[PDB]
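Working notes for the structure below.
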Amino acid sequence: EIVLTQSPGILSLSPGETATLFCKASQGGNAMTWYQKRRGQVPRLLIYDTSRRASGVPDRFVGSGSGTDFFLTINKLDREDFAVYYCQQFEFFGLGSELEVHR
Amino acid sequence: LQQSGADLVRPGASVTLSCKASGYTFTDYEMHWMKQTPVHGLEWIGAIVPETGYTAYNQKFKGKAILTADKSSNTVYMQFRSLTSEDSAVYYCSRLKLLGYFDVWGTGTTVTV
Amino acid sequence: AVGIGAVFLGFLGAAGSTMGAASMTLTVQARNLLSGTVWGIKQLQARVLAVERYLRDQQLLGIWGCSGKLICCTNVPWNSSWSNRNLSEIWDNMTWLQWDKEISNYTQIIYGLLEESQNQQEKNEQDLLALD
Amino acid sequence: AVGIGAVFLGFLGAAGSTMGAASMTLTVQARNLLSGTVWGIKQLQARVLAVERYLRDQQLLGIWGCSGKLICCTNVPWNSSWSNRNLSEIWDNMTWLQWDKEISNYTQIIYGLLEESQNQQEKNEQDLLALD
Amino acid sequence: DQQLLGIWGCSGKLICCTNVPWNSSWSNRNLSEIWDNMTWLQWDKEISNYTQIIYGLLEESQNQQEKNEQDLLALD
Amino acid sequence: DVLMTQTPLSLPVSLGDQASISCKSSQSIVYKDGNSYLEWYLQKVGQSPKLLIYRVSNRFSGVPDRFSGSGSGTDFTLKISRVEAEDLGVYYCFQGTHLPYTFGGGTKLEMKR
Amino acid sequence: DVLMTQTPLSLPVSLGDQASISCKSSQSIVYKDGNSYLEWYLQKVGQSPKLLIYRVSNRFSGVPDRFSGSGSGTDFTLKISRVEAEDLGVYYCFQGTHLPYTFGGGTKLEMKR
Amino acid sequence: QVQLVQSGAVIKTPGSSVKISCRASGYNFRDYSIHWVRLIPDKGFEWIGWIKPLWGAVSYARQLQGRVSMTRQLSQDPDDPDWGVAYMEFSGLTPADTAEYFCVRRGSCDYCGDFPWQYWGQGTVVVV
Amino acid sequence: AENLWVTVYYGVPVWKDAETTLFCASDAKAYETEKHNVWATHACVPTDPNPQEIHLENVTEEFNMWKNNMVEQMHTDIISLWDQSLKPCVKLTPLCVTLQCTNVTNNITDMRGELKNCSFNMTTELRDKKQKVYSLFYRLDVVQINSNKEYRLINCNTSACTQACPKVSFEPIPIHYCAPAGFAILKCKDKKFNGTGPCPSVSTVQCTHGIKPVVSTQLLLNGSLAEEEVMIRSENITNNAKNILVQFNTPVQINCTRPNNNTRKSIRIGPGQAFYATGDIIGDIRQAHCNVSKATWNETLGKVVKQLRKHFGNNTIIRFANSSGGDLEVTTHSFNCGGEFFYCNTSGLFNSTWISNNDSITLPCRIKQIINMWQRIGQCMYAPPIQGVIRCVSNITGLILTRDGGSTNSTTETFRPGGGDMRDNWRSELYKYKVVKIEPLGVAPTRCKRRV
Ligand SMILES: *[C@@H]1O[C@H](CO)[C@@H](O[C@@H]2O[C@H](CO)[C@@H](O[C@@H]3O[C@H](CO[C@H]4O[C@H](CO)[C@@H](O)[C@H](O[C@H]5O[C@H](CO)[C@@H](O)[C@H](O)[C@@H]5O[C@H]5O[C@H](CO)[C@@H](O)[C@H](O)[C@@H]5O)[C@@H]4O)[C@@H](O)[C@H](O[C@H]4O[C@H](CO)[C@@H](O)[C@H](O)[C@@H]4O[C@H]4O[C@H](CO)[C@@H](O)[C@H](O)[C@@H]4O)[C@@H]3O)[C@H](O)[C@H]2NC(C)=O)[C@H](O)[C@H]1NC(C)=O
Ligand SMILES: *[C@@H]1O[C@H](CO)[C@@H](O[C@@H]2O[C@H](CO)[C@@H](O[C@@H]3O[C@H](CO[C@H]4O[C@H](CO)[C@@H](O)[C@H](O)[C@@H]4O)[C@@H](O)[C@H](O[C@H]4O[C@H](CO)[C@@H](O)[C@H](O)[C@@H]4O[C@H]4O[C@H](CO)[C@@H](O)[C@H](O)[C@@H]4O)[C@@H]3O)[C@H](O)[C@H]2NC(C)=O)[C@H](O)[C@H]1NC(C)=O
Ligand SMILES: *[C@@H]1O[C@H](CO)[C@@H](O[C@@H]2O[C@H](CO)[C@@H](O[C@@H]3O[C@H](CO[C@H]4O[C@H](CO)[C@@H](O)[C@H](O)[C@@H]4O)[C@@H](O)[C@H](O[C@H]4O[C@H](CO)[C@@H](O)[C@H](O)[C@@H]4O)[C@@H]3O)[C@H](O)[C@H]2NC(C)=O)[C@H](O)[C@H]1NC(C)=O
Ligand SMILES: *[C@@H]1O[C@H](CO)[C@@H](O[C@@H]2O[C@H](CO)[C@@H](O[C@@H]3O[C@H](CO)[C@@H](O)[C@H](O[C@H]4O[C@H](CO)[C@@H](O)[C@H](O)[C@@H]4O)[C@@H]3O)[C@H](O)[C@H]2NC(C)=O)[C@H](O)[C@H]1NC(C)=O
Ligand SMILES: *[C@@H]1O[C@H](CO)[C@@H](O[C@@H]2O[C@H](CO)[C@@H](O[C@@H]3O[C@H](CO)[C@@H](O)[C@H](O)[C@@H]3O)[C@H](O)[C@H]2NC(C)=O)[C@H](O)[C@H]1NC(C)=O
Ligand SMILES: *[C@@H]1O[C@H](CO)[C@@H](O[C@@H]2O[C@H](CO)[C@@H](O[C@@H]3O[C@H](CO)[C@@H](O)[C@H](O)[C@@H]3O)[C@H](O)[C@H]2NC(C)=O)[C@H](O)[C@H]1NC(C)=O
Ligand SMILES: *[C@@H]1O[C@H](CO)[C@@H](O[C@@H]2O[C@H](CO)[C@@H](O[C@@H]3O[C@H](CO)[C@@H](O)[C@H](O)[C@@H]3O)[C@H](O)[C@H]2NC(C)=O)[C@H](O)[C@H]1NC(C)=O
Ligand SMILES: *[C@@H]1O[C@H](CO)[C@@H](O[C@@H]2O[C@H](CO)[C@@H](O[C@@H]3O[C@H](CO)[C@@H](O)[C@H](O)[C@@H]3O)[C@H](O)[C@H]2NC(C)=O)[C@H](O)[C@H]1NC(C)=O
Ligand SMILES: *[C@@H]1O[C@H](CO)[C@@H](O[C@@H]2O[C@H](CO)[C@@H](O[C@@H]3O[C@H](CO)[C@@H](O)[C@H](O)[C@@H]3O)[C@H](O)[C@H]2NC(C)=O)[C@H](O)[C@H]1NC(C)=O
Ligand SMILES: *[C@@H]1O[C@H](CO)[C@@H](O[C@@H]2O[C@H](CO)[C@@H](O[C@@H]3O[C@H](CO)[C@@H](O)[C@H](O)[C@@H]3O)[C@H](O)[C@H]2NC(C)=O)[C@H](O)[C@H]1NC(C)=O
Ligand SMILES: *[C@@H]1O[C@H](CO)[C@@H](O[C@@H]2O[C@H](CO)[C@@H](O)[C@H](O)[C@H]2NC(C)=O)[C@H](O)[C@H]1NC(C)=O
Ligand SMILES: *[C@@H]1O[C@H](CO)[C@@H](O[C@@H]2O[C@H](CO)[C@@H](O)[C@H](O)[C@H]2NC(C)=O)[C@H](O)[C@H]1NC(C)=O
Ligand SMILES: *[C@@H]1O[C@H](CO)[C@@H](O[C@@H]2O[C@H](CO)[C@@H](O)[C@H](O)[C@H]2NC(C)=O)[C@H](O)[C@H]1NC(C)=O
Ligand SMILES: *[C@@H]1O[C@H](CO)[C@@H](O)[C@H](O)[C@H]1NC(C)=O
Ligand SMILES: *[C@@H]1O[C@H](CO)[C@@H](O)[C@H](O)[C@H]1NC(C)=O
Ligand SMILES: *[C@@H]1O[C@H](CO)[C@@H](O)[C@H](O)[C@H]1NC(C)=O
């Protein structure tokens, strides 16, 4: 099977800064899909095929990476963008990176 | 119809074997090459059109077999690369006409590896 | 046996051979480019598309200096930043598929230069015969 | 801004300009002349009508002395009763629309004279190369 | 027919001249009787076997003429 | 690739009987000419291989009329009218249209005792 | 004719706020290039008018980065990030595709007291 | 647009079987696959199975075989050829299956694969 | 001569990728048995009797069968032509009527239906009169709408359906694809060609090989087989939604039949319209089946298990299961046989397990008379019954598989049959081809001038 390790588990930031979340796989040579899930709502597609944004997604969500290292960078954070982020490759999902307010 | 002789070849050695054409002109006739294996029988290797200067090969033998020809002296050279012990066969020069049959044939230059 | 030379006089046989050897058998690609109730409409539309493509290429070749010539010569010089490779390697080593993907950015510039060259050649010819 | 010169290199932009200035941008009308289940039949019929018209004009131009030339020169002289106007006013003043409606009666005479000229030029060329 | 005429030496010419000679076994008749007596229908059925040979010779002639012209302008 | 097989592989046939060997073509062998370019090969041992007949019907000059061949595009065969001692050797079927040129296996006609 | 209007007509904006003026196009402004040829003009009083930015995105050299423009073919607008005293003047919207070239009305940014 | 309406929340007993109806509307339902996925609280996501509604060829996860069945219902009237219904019947319920069940559809792009999930369902809450 | 003057060249061999329509070319041998017997005996050009491929040399073209456009044109053309071969036939609107059905005369055991003897009113040549008439329908074509019972046909709820004229045969004839002018068709020839990537030995050709169009779901029949060894093909093997095509080396043989000796009976629905009904079952009631050789099938599964262990690791437990479920003709094995559509249960082949180190299998078959292939809105057809016992023999060229897996790292890899899209059956025969567009006007430097 495919095991996806997703880190950092909890990322505490303030708005305006840049977030970086990296997903490690077991096999290489495939794509990576990045989902946004706010609290108490429906999940949302952000990134498919490791670098392409979904429809209705602003350009501040950038994703890249290759092989095993898969990077998701969110520069210029918003008050709304604080949520949970998942990496899904095929049917094997990640566990979740929570994005928290720092004070 | 003039050829080379038999050889004693190490594995991993590049050897060029010639049969030079005499009498008949290079602008008319086109050579080929052959293998006489005791298991696969006869196999085709390649060809030369010496006017144009480049033809194709059998797809097993590309890379190893390179065919050059000197049209002035009319000397037709093979070249093999990284030979194995499997190439103990008899190699036949041959001559073709356009939409034509095999006119002449060589005796054979065995490569005993 | 048919013979391997019948490959080179065949259609598109020189596609892997060098650029200096495809010019002899260059007319076969020129010749086999043209000749070759809903199904009737599909086949009719494909055939008129093929002859429109051939006629577009003949018109684009005729407004240069060679209306009915397979090989041609012009009067515009090569900017060295186009391909910066000497004569012997682009006529004895390379194939046309590799050559097409090395000058693929610069082609419209070349066509504009050829159009300017034929235009100034026509006005110079008119000025030369005007005095007689 | 695009620029007003892009009018003249545009399609049919020189239609109001003078006859001495339309000859430079004369190739755009030549180029945009060709390329550009009942609806399929209508569009197919219109497209083959356009290419038949282009091929008729190329054949009528090829039986004269200029098969692939936009500008040409011939060997028949102008009868003075055709237009009786000197050179400077028909190449710096007039437009082509006005010129077409001043010689509209005499055009078939001109085409017959050109056909006779090319016929006698062909037989003179055959007589010149016959002696060698 | 225009493409087959253009790959010879006459792209836009009704009358033409070439550079290949007549093998005498083709028609073996002199000039005056094949330009003052015969009709074209009779001429077409007297050389109907030899036509592809003529077209191949014309193609070879134009090919060697093109390479000779390229060799002539190459030295300048 | 258009490799062929040879049915049978060895026929010891007495001096004066009819021998018939077939070669079966995977793909059809038809050129723009229309004639199926297949050749029939004989090779006496320790020599250069000869040519038995041409396409199906024409015959190599310098060969007697004890050989005949038949076929209809897909599967081909021979008929030898009379057997000699020179008819000992290895036979092959050869293709001439598609690249690489394929061969048959090779048959060895023998004696009966 | 493809005349335009300018909404609003005069905005006294304090030194350090965002000003935004729109011009609305009757016909679409699209060239064969694809880029909408519209220019933004500023004219300080008693001078020659400058150029603020190019098409929507490119910028005239010799102009600071306190100017930005947006639009999607039909209706266009600006955003000025910070206000100076030189930003006093008359602004225009200009077209570059169809003849005759049309203009906007002209806006005069003023001071607040 | 593309809409994926589900059925409401449901309360079931251990040992029972639940049926969830994912109604899809806005595209040609006879073309694109439907997937089913479930959010277990404090355990993550888990895939369930896919269904191709042209015929109804389905596949399921390995650790859910013998427990889950999926069917579909096409639309047969030519005046509304677009809408369609997917059905998931999940049997053998335990208290471990207290979760939130989603139906999803593929990305609509010709470059995207099969598992990038653009459109989502509203969310069926299942409490055992 | 440091200056180089640019020269144009018209007729240079160089191509770029494009997509266009392709016209089909059926062989003229089918014209010898004329008069609309199979489709495209009139709507299709005859072939060149001299096909001539031209083997290129030192050339590399990237092939990709999954993003191919020619298979999509074939899937459109077969549907459009298949609809164009039903418009002259009789529409079966008036037969959609209330049926009164009973069991067929048989020692009924109380565990199977499978035949129904249905009497109903039907119009005649004249419009006024009517006639009581009986027929035999299968159980998959009647539905109990709610004494003897009272049924109706299943297509009556949505759409009346044209029956197929028995002058029109269903059997495939080989369809060639000749490229039009200006374009060309390449062909891979590499025996180890995976399906995606460079084929280093290509060959242009003016018209493709013989493609016989079969229609089958679980395992494709009469499909050009590979030469060196059994091969598998995919797009991403670690993806689940994509099928895993498999092409064999040795054709395993299948024999299928229908033992019931029918009797075709003509009923005149209307003037000029005749309806063909199953009249009587003389002989005996015996269920339709299929047979394959058990030894060759075990050997052929041994070959495909030997091939599948490369992509998954040498220590795995490959096992085969039956279909997961769904509609009828994606779980069962669908095909046609003499003009009558079978549906054959294939659980008897797909149960095994495979660890790292004479007889014949029977399998039952069910028959529908109405069919709805390609799943349109309101078009089915009524395949008429055929006189007498029929049987047909076919080589099995390959099969279509499907992997599954959610989680929990087990060493097994269960494979199940697929089906679904009809295009996969075409992607096993257009894999080696690609269409290209000639761009014959290239430009290059050499030393020359033009003389003024
Ligand atoms: C995978 O590929 C395989 C290989 O092709 C497929 O198997 C084939 O399936 C076909 C079904 O579509 C099937 O065709 C049917 O065959 C029936 C059997 O009769 C034929 O065979 C016998 C014995 O083989 C033969 O003797 C007959 O005629 C021969 O002689 C005549 C001379 O007059 C020839 O004209 C004829 O072509 C044939 O020639 C034989 O000899 C020559 C040498 O001289 C050889 O060169 C030939 O190759 C051949 O061996 C029969 O031809 C037959 O009953 C069927 O015909 C009925 O149906 C068709 C419609 O499909 C219709 O056009 C016919 O006219 C006829 O209908 C009429 O009769 C019916 C009964 O009375 C009646 O109900 C109708 O209303 C009509 O009145 C049809 O021809 C074919 O046999 C098999 N192949 C084999 C080897 O068995 C397989 O199907 C493929 N897989 C899939 C999934 O499709
Ligand atoms: C599907 O379902 C339909 C009904 O929905 C069914 O059709 C009916 O089949 C039965 C047979 O199972 C038919 O009943 C027989 O009909 C024949 C023919 O009738 C003609 O002759 C009578 C003579 O008076 C005329 O009046 C009439 O108008 C017809 O012209 C009769 O001959 C049969 O009688 C024999 O069987 C009786 C059974 O009890 C005997 O008692 C009687 O003595 C007769 O036997 C004699 O004749 C036999 C035949 O020669 C012979 O074998 C005996 O030894 C003896 O000499 C019987 O009435 C009925 O008519 C059919 N109905 C219709 C409308 O056609 C299908 O058969 C059924 N199919 C399947 C596959 O299930
Ligand atoms: C059908 O068959 C074709 C082959 O004809 C397959 O296509 C290729 O398959 C190979 C392996 O099967 C793939 O190769 C892998 O590529 C990785 C990416 O590196 C390449 O690309 C970069 C640029 O992106 C180049 O700079 C680089 O030099 C490579 O060219 C490699 O990282 C992989 O390395 C593997 O081996 C090393 C050591 O051997 C290990 O350390 C690695 O972890 C890894 O295992 C490998 O070389 C190649 O990408 C495929 N190409 C394409 C176009 O698909 C198909 O996959 C196959 N398809 C099916 C369905 O069967
Ligand atoms: C026509 O079809 C009928 C269908 O009912 C058929 O009747 C059955 O025939 C069989 C065999 O002739 C009878 O015998 C059965 O089969 C074996 C014989 O050893 C036994 O094991 C069976 O016992 C089981 O079934 C019994 C009844 O269900 C149970 O009581 C018992 O405990 C076992 O479970 C059984 O004896 C069978 O009895 C009849 N059925 C009836 C209802 O009589 C008939 O033979 C067919 N005739 C023709 C001519 O085809
Ligand atoms: C024809 O002209 C275009 C325009 O310049 C050429 O495209 C350029 O190609 C180079 C590669 O040789 C690109 O560089 C690459 O950029 C990416 C960007 O992230 C970088 O990651 C790579 O490492 C590499 O440096 C360049 O960006 C690209 N230009 C543009 C504007 O995108 C093209 O190569 C020319 N054709 C030929 C045959 O040379
Ligand atoms: C091309 O040639 C024709 C043929 O001559 C020219 O037509 C002629 O045009 C003149 C006008 O310039 C006509 O004269 C007019 O006649 C009417 C008759 O009632 C009279 O009322 C007017 O006052 C005027 O005099 C003349 O009749 C006419 N010829 C014929 C036969 O009808 C034509 O003008 C020429 N084209 C050009 C551009 O000159
Ligand atoms: C073009 O070339 C062909 C090929 O040679 C010519 O055909 C040949 O024509 C002659 C007639 O002039 C044939 O001779 C006749 O043969 C029959 C055979 O029985 C005989 O009975 C007659 O008495 C006469 O001798 C000759 O056979 C024929 N060649 C072949 C191979 O059939 C053709 O005539 C040439 N065209 C012209 C216009 O000359
Ligand atoms: C794949 O194989 C499995 C078993 O190996 C098949 O499952 C079997 O499905 C049938 C019905 O589809 C079950 O039959 C039973 O019939 C009686 C009488 O109608 C009814 O009372 C039962 O409720 C049940 O329906 C059978 O028990 C079942 N077997 C098992 C072990 O669950 C499956 O159908 C096969 N797939 C295909 C496509 O054939
Ligand atoms: C799939 O293949 C397996 C074989 O691995 C099939 O299992 C076989 O099932 C039959 C009965 O369904 C067994 O026959 C009898 O089983 C009893 C036990 O109840 C036994 O005591 C008898 O002596 C008799 O053999 C058969 O033994 C069994 N195979 C093995 C190796 O044990 C299975 O039925 C197949 N699936 C389908 C749907 O056919
Ligand atoms: C399915 O594929 C098999 C290949 O395993 C085909 O079997 C072979 O087919 C060829 C030609 O179709 C048969 O050759 C025949 O040889 C006899 C010898 O006298 C000759 O009379 C025939 O004209 C033909 O050349 C070959 O015998 C046959 N092999 C076997 C074992 O039967 C098979 O035809 C394919 N189709 C079907 C429907 O099975
Ligand atoms: C026709 O076949 C059906 C199906 O077998 C019969 O209907 C029932 O069959 C079950 C056995 O599965 C019996 O237990 C019932 O008693 C049958 N119902 C009745 C009303 O008999 C049916 O009997 C058969 N015959 C007819 C004339 O319909
Ligand atoms: C068309 O008729 C069929 C046959 O009755 C209907 O299918 C049945 O529908 C009922 C209730 O919707 C289900 O309980 C049955 O299981 C269905 N049977 C089958 C075989 O599908 C169908 O609903 C009808 N459709 C329309 C649009 O009227
Ligand atoms: C499928 O049917 C064919 C034809 O009946 C079978 O082929 C014959 O099989 C018998 C033995 O059953 C042999 O004696 C014949 O020599 C075979 N003839 C041919 C031409 O092959 C075939 O065996 C059947 N296949 C299976 C798996 O039963
Ligand atoms: C110039 O041409 C010669 C062959 O004539 C070649 O050896 C050399 O590499 C070329 N120079 C360059 C810079 O390519
Ligand atoms: C002749 O040409 C001159 C200009 O070169 C012009 O002024 C004059 O009017 C012309 N004569 C006539 C009769 O038109
Ligand atoms: C040669 O030409 C003359 C006429 O110039 C003619 O009389 C004579 O017959 C010709 N000779 C032959 C052999 O035809």
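Using ideal geometry, Cβ is built from the backbone for each residue, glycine included, and neighbour counts are taken over all protein chains shown. Quick note: the coordinates plus some simple rules give every number you see, no bench work behind them.
From the residues in segment I:204-256 that are assigned to a loop (DSSP other than H, G, I, E, B) and among the β-branched types (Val, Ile, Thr), which one is farthest from ligand 13 (Cβ to nearest atom)? Write out each step before concluding.
Narrowing segment I:204-256 to residues assigned to a loop (DSSP other than H, G, I, E, B): I:206, I:208-210, I:212-220, I:222-230, I:234-243.
From what's left, among the β-branched types (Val, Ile, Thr): I:208, I:214-215, I:217, I:230, I:237-238.
On the way: I:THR208: 30, I:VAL214: 18, I:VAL215: 21, I:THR217: 21, I:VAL230: 19, I:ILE237: 32, I:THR238: 36 Å.
So, considering only residues that are assigned to a loop (DSSP other than H, G, I, E, B) and among the β-branched types (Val, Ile, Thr), the one farthest from ligand 13 (Cβ to nearest atom) is I:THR238.
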Counted residues, segment I:347-382 - those being within 16 Å of ligand 8 (Cβ to nearest atom), out of contact with any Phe, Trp or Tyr (no Cβ under 7 Å at 6 or more places or on another chain) and either within 14 Å of chain H (Cβ to nearest Cβ) or not in a loop (DSSP other than H, G, I, E, B) (or both): 3
Unique residue being in a loop (DSSP other than H, G, I, E, B), under 16 Å from the mean Cα position of the chain (by Cα) and surrounded by fewer than 19 Cβ atoms within 10 Å (Cβ to Cβ) when the list is H:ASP114, H:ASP77: H:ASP114
Verdict on I:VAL292 being β-branched (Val, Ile, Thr), within 16 Å of ligand 3 (Cβ to nearest atom) and away from every other protein chain (no Cβ under 14 Å): no
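When the residues of segment I:343-387 are filtered to those that are of a type in the set (D, E, K, R) and farther than 30 Å from I:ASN298 by Cβ, which remaining residue is surrounded by the most Cβ atoms within 10 Å (Cβ to Cβ)?
The selected residue is I:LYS368.
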Within segment I:98-195, strands (runs of 3 or more DSSP E) holding 2 or more residues that are more than 16 Å from ligand 10 (Cβ to nearest atom) and either surrounded by fewer than 16 Cβ atoms within 10 Å (Cβ to Cβ) or within 14 Å of chain C (Cβ to nearest Cβ) (or both): I:100-103, I:116-123, I:130-137, I:142-144, I:175-178, I:183-187
Where C:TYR54 falls short, out of the listed (1) more than 7 Å from every other protein chain (Cβ to nearest Cβ); (2) assigned to a loop (DSSP other than H, G, I, E, B); (3) among the aromatic types (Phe, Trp, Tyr): (2)
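Test B:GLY108 against the stated conditions and say whether it is out of contact with any helix residue (DSSP H, G or I) (no Cβ under 8 Å at 6 or more places or on another chain) and under 19 Å from F:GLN43 (Cβ atoms). Give the derivation first.
Working: out of contact with any helix residue (DSSP H, G or I) (no Cβ under 8 Å at 6 or more places or on another chain): yes; under 19 Å from F:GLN43 (Cβ atoms): yes.
Taking the combined requirement at face value, the residue satisfies it.
Please pick out the residue among C:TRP96, C:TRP39, C:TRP64 that is crowded, with 17+ Cβ neighbours inside 10 Å and within 30 Å of I:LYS87 (Cβ to Cβ). Talk me through it step by step, then tell me what you get.
Details: C:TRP96 fails: within 30 Å of I:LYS87 (Cβ to Cβ); C:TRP64 fails: within 30 Å of I:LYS87 (Cβ to Cβ).
Every option except C:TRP39 fails the conditions.
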Qualifying positions in segment I:196-210 - buried (at least 20 other Cβ atoms within 10 Å of the Cβ) and more than 14 Å from chain C (Cβ to nearest Cβ): I:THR208
Pair list, Cβ < 9 Å and 6+ apart or interchain, from segment E:25-43 residues that are closer than 20 Å to D:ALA130 by Cα to residues that are away from ligand 13 (no atom under 16 Å from the Cβ) and outside any helix (DSSP H, G or I): E:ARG29/E:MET38; E:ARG29/E:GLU46; E:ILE34/E:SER27
Meets criteria (of a type in the set (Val, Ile, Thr) and touching a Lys or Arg at 6+ places or on another chain (Cβ under 9 Å)) for I:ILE79: yes
Residues of segment C:99-122 satisfying the condition of being surrounded by 16 or more Cβ atoms within 10 Å (Cβ to Cβ), over 11 Å from C:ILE63 (Cα atoms) and either within 16 Å of ligand 9 (Cβ to nearest atom) or among the polar types (S, T, N, Q) (or both): C:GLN121
Verdict on I:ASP327 being away from ligand 4 (no atom under 16 Å from the Cβ) and either within 14 Å of another protein chain (Cβ to nearest Cβ) or in contact with a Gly (Cβ under 9 Å, 6 or more places away or on another chain) (or both): yes
Total residues in segment A:1-55, condition away from chain H (no Cβ under 14 Å) and part of a strand (DSSP E or B): 10
Residues being more than 7 Å from every other protein chain (Cβ to nearest Cβ) and part of a loop (DSSP other than H, G, I, E, B) - total across segment C:1-22: 1
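Out of everything in segment I:65-97 that is of a type in the set (A, V, I, L, M) and not in a loop (DSSP other than H, G, I, E, B), what residue ends up being farthest from I:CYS199 (Cα to Cα)?
Taking segment I:65-97 first, the residues of a type in the set (A, V, I, L, M) are I:65, I:70-71, I:74, I:78-79, I:81, I:86, I:90, I:92, I:95, I:97.
Next, only the ones that are not in a loop (DSSP other than H, G, I, E, B) stay: I:70-71, I:74, I:78-79, I:81.
Values: I:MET70: 18, I:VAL71: 19, I:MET74: 23, I:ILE78: 29, I:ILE79: 31, I:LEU81: 33 Å.
Among residues in segment I:65-97 that are of a type in the set (A, V, I, L, M) and not in a loop (DSSP other than H, G, I, E, B), the one farthest from I:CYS199 (Cα to Cα) is I:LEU81.
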Number of the condition not met by D:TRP82 [criteria: (1) under 30 Å from E:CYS10 (Cβ atoms); (2) surrounded by 10 or more Cβ atoms within 10 Å (Cβ to Cβ)]: (1)
Single condition C:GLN29 does not satisfy, out of (1) crowded, with 19+ Cβ neighbours inside 10 Å; (2) within 7 Å of another protein chain (Cβ to nearest Cβ); (3) assigned to a loop (DSSP other than H, G, I, E, B): (3)
Residues that are hydrophobic (A, V, I, L, M, F, W, C) and either within 20 Å of G:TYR31 (Cα to Cα) or part of a strand (DSSP E or B) (or both), drawn from segment G:63-113: G:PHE67, G:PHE76, G:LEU78, G:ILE80, G:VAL90, G:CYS93, G:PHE94, G:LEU99, G:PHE103, G:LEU109
Residue that is nearest to I:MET422 (Cα to Cα) [pool: residues in segment I:326-349 that are within 12 Å of ligand 9 (Cβ to nearest atom), in contact with a helix residue (DSSP H, G or I) (Cβ under 9 Å, 6 or more places away or on another chain) and of a type outside the set (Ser, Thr, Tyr)]: I:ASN345
Pair list, Cβ under 7 Å, 6 or more apart: segment C:64-88 residue within 16 Å of ligand 5 (Cβ to nearest atom), other residue among the β-branched types (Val, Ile, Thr): C:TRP82/C:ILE103; C:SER83/C:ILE103
Residues (within 14 Å of chain B (Cβ to nearest Cβ) and more than 18 Å from I:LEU430 (Cβ to Cβ)) located in segment I:27-70: I:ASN50, I:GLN52, I:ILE54, I:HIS55, I:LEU56, I:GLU57, I:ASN58, I:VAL59, I:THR60
